[PDB]
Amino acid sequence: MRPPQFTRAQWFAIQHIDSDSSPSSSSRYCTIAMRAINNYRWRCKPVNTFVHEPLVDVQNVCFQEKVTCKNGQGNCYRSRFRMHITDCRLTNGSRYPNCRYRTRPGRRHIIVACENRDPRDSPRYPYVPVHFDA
């Protein structure tokens, strides 16, 4: 479950947006970056993708190509361009609290679900990404 102290949009950003990643080129990137997420979990998160673009560019996907969501609900959007991503996958022998990851850099179009901000979210961004399509 999402920690209730974070909104949907906040938890999306915490788990999936890293705009100030410079060690993303490191093979240790995922093991380092996953710690803040796993601190809110009781088992190591198996798989997680980060998008390495400025926040405004990730948010602007919500104004791009609208597509049906995998769940058939809500409003989903595909990025116009491929974005820098990292796929993080837990290594087979990992067991909480020792969560080690393989880092797989890549570039892909992202698909996000967007919705109106929560009252607890900044009013500077009225319509925001809350989930990846899958």
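Residues carry their position along the shown sequence, with the first being 1.
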Of 95-103 vs 25-33, the stretch with the larger average CA B-factor in the entry is 25-33
Entry B factor averaged over C-alpha atoms, 118-126 against 8-16: higher for 118-126
Comparing C-alpha B-factors across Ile85, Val58, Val67, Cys44 in this entry, the winner is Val67
Sorting the chain's modelled residues by C-alpha B-factor and splitting them into thirds places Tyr77 in the middle
Of the three thirds of Cα B-factor ranks in this chain, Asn71 occupies the highest
